[PDB]
Ligand SMILES: O=c1[nH]c2cc(C(F)(F)F)c(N3CCOCC3)cc2n(CP(=O)(O)O)c1=O
Ligand SMILES: Oc1nc2ccc(-c3c(Cl)cccc3OC(F)(F)F)cc2[nH]1
Ligand SMILES: CCCCCCCCCCCCCC
Ligand SMILES: CCCCCCCCCCCCCC
Ligand SMILES: CCCCCCCCCCCCCC
Ligand SMILES: CCCCCCCCCCCC
Ligand SMILES: CCCCCCCCCCCC
Ligand SMILES: CCCCCCCCCCCC
Ligand SMILES: CCCCCCCCCCCC
Ligand SMILES: CCCCCCCCCC
Ligand SMILES: CCCCCCCC
Ligand SMILES: CCCCCCCC
Ligand SMILES: CCCCCCCC
Ligand SMILES: CCCCCCC
Ligand SMILES: CCCCCCC
């Protein structure tokens, strides 16, 4: 039994990939390591197969955002509002820090995130996959969602 | 997981592959009627085979049977 | 015998791969417009005959490779570099080492040929029943004949040394 | 369709073809002895006869589990002839007639599996 | 399909064995 | 009645969860790329070992 | 090409060894050099990933096929929007659905009242063949 | 590997045992992760009324 730094690597690689090993350890203190590594790779491959089967079976797609105070910190999705109205006037004179940061981001934003009509806003929302968000009234939001 | 009609087809295909491998290794590696049953049993249970067929007409049976036990076991699991 | 089966194979694999990347008849999608490598020529698209170039515009590295099709071309560049290496058997003979330099290029083109399809299929899909035309199957012969020429060029080098 | 008996008829076509080569190699061994080392001509005959009788034993066993008793009746008299040879273990003219019938019987029944299998697959 | 592949492989192996036996 | 009942989409019909798509090369190419890279690296290290043994 | 620079790794044994490595069954021979062992390990990783992914996808397919529910009740037909349900153009069923003050039937009536395809058929045989 | 006949029978039966055990363990673990991943917390009043 040689089991050099190369043959040991080859045997461990053949044991990890469920392939037939070339040689087996002769001493007991090597057979212990062999059996332990066999059990380890068996458990690992079984768990990997089980998780990959659980993935393709059912899907759980989560939204990339959950609130307004979260998107104001990531700053990865360019969100836009109406040009002139209640939302713009509310975000203009805002004392809270979160909406103030949102407004100072929407002010110096290229291209212009402001939209004239809500129809163009929902059109841009439907066009952009995950790089746009509109801030409208909850009633109109629910109505557009239900359409 | 497997219907009773498949279990009866696997045993006769196991023996059928074994007897053919013995006939292939006869026209010409021992691969008798006993060693062929052992090699086919070690190949069906995903274990390490003791020896491999030497001739091309014997290697075809080994590679085909290997694809058979791979699909059956993957379908059973 | 084998010394002549390699030079005829190099000119039958390079001259056959350059055709598969030239004519744009690789993919057939649906009007039924046949596709290609660098540009697709539409058919039954509200016009009798139209043929316009496709516009492709850290996933940007895959789009430039699909646009700038270097892998299906690099295999043709290696086929001609290896085709002249085996041509050096007459001039400057008795070297017994230049044949090995051709066996590396004959297989390095096969690795760059199978890759040129992986970047082409992954970008194609990225219902609509699409098929592969006769021009796409020509590139497949540029890989099978690239391995038979890679086993016949190295086998001669072994016989020359032995 | 796909039945267990349809698969049993498929394995027979691959196995019965091997039984054809045995009875063909038999008439060649008898032809060489008729023209005329003698030990190699008969000892090899003893080595070839055993697999031929054991392979046919599967034909009577596969169809038994396949519920195809209409075909088993065409193979039982063939297995009964093997019991006579197994029990007792000129002669040239007798053994020659005892081998030409094997080639004809192993061939006429071979076409049955080539047609009885189709009578079940396409009949879905 | 795997049973058809098995049967086809067995038949091809028998044919190759016949060819290699008749080669000598 | 006027907002949720007169809706154009239903949650039950949209959540079909049937007929999952068969796996294609669009997400398996990650292993083919690694296979080709390993083949190239092995050929390169073999050529380097041959050049070192010749010298 | 790698294992024959100038062993038992010819062109016929290499195919056999690679086929045995792809099927995860193993062979008696093994690459003796270093780059050959690298090739073997990379091929082993590739075939292991492929087999695991195939088994997982087959299990997912079978589980999705076994977890199916046919439309049986009217509540299941009202929630399911993949199948469009219609009735006679002028009959007692339309008059009953127009005056049904039930939440189970009201949603069905509002769904059948607005639809791009034909959700009302004049002849019952035409609806049958449809 | 077992050289005798009855010795090969021991290995053959043991091979069938470990094959069923490993296949059942992998299949059961896949069911555990799938059922755990296919969970839905009570969010709306309609979900609370049904549950
Ligand atoms: O008194 C009535 N007797 C009816 C008897 C029948 C049936 F016997 F089943 F043929 C039917 N059909 C059931 C389904 O549609 C096709 C025919 C409808 C009837 N209607 C409704 P109308 O035909 O629209 O007036 C009545 O009002
Ligand atoms: O330049 C090119 N090299 C190629 C190598 C192979 C193929 C190919 C064939 Cl021959 C048959 C079926 C599918 C194929 O491609 C696959 F990726 F496998 F889908 C096409 C090629 N084109
Ligand atoms: C597929 C089976 C082919 C069989 C071919 C047999 C050829 C025999 C040639 C020699 C005949 C000698 C007769 C005495
Ligand atoms: C047989 C050994 C295979 C080793 C494969 C290593 C692959 C590394 C991929 C790294 C991807 C990183 C993504 C962030
Ligand atoms: C290694 C070979 C194992 C063979 C196991 C055979 C088990 C047979 C069980 C039959 C059960 C019948 C239930 C109706
Ligand atoms: C001589 C070696 C005996 C086996 C030791 C390892 C067995 C696999 C791990 C078992 C953990 C409980
Ligand atoms: C010499 C043997 C080559 C491989 C033949 C069998 C391969 C597995 C089955 C493939 C069916 C398409
Ligand atoms: C892209 C401009 C040149 C097109 C040349 C087409 C040649 C077709 C040859 C077909 C041979 C079968
Ligand atoms: C958009 C321009 C495309 C030009 C394609 C030229 C292809 C040349 C191939 C040469 C192979 C040796
Ligand atoms: C089909 C023959 C080769 C055509 C291309 C020749 C070279 C062009 C370089 C731009
Ligand atoms: C027995 C030889 C060991 C060599 C170790 C080399 C580590 C890089
Ligand atoms: C090579 C010896 C074959 C023996 C066959 C015995 C069948 C029961
Ligand atoms: C000496 C003949 C080699 C043939 C190799 C074929 C590979 C597909
Ligand atoms: C072209 C090389 C052929 C090698 C055959 C080895 C059996
Ligand atoms: C005896 C047949 C050898 C074939 C070698 C190339 C596959």
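All Cβ positions, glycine included, derive from the backbone under ideal geometry; neighbour counts span all protein chains shown. Bear in mind that the values in this text are calculations on the coordinates, not laboratory data.
Overview of values
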{"quantity": "Order by protection proxy (mean Cβ within 10 Å, highest first), peptides H:38-47, H:15-24, F:35-44", "calculated": "F:35-44, H:15-24, H:38-47"}
{"quantity": "Exercise: per-residue mean of other protein chain Cβ atoms within 10 Å, B:1-9", "calculated": "3"}
{"quantity": "Between 0 and 90°, nearest 10: helix H:5-37 axis offset from chain H longest Cα axis", "calculated": "10 degrees"}
{"quantity": "Pairwise centroid distance, computed over Cα atoms, of the stretch D:102-117 with chain F, Å", "calculated": "51 Å"}
{"quantity": "Ascending count of other beta-carbon atoms within 10 Å, so fewest first, for D:92, A:82", "calculated": "D:92, A:82"}
{"quantity": "Fewest-first ranking of G:68, E:2, using other Cβ atoms within 10 Å as the exposure measure", "calculated": "G:68, E:2"}
{"quantity": "Angle between chain A longest axis and helix A:28-57 axis [Cα atoms, degrees, rounded to 10]", "calculated": "30 degrees"}
{"quantity": "On Cα atoms only, tilt of A:97-107 relative to the major axis of chain A in degrees", "calculated": "80 degrees"}
{"quantity": "Average other protein chain Cβ within 10 Å of Cβ, residues D:17-23", "calculated": "3"}
{"quantity": "Average partner coverage of H:21-29, which counts Cβ from other chains inside 10 Å", "calculated": "6"}
{"quantity": "Gap separating the Cα centres of the stretch D:49-70 and the stretch C:17-89, nearest whole Å", "calculated": "59 Å"}
{"quantity": "Global form of the stretch C:48-100, assessed from the alpha-carbon gyration tensor, a/c cut-off 1.5", "calculated": "oblate"}
{"quantity": "Alpha-carbon centroids, the stretch A:87-147 and chain H: separation in whole Å", "calculated": "49 Å"}
{"quantity": "Residue-averaged 222 nm ellipticity for the protein assembly as shown, from DSSP H runs of 4+ at -39500 (n - 2.57), nearest 500", "calculated": "-22000 deg cm²/dmol"}
{"quantity": "Global form of chain D, assessed from the alpha-carbon gyration tensor, a/c cut-off 1.5", "calculated": "prolate"}
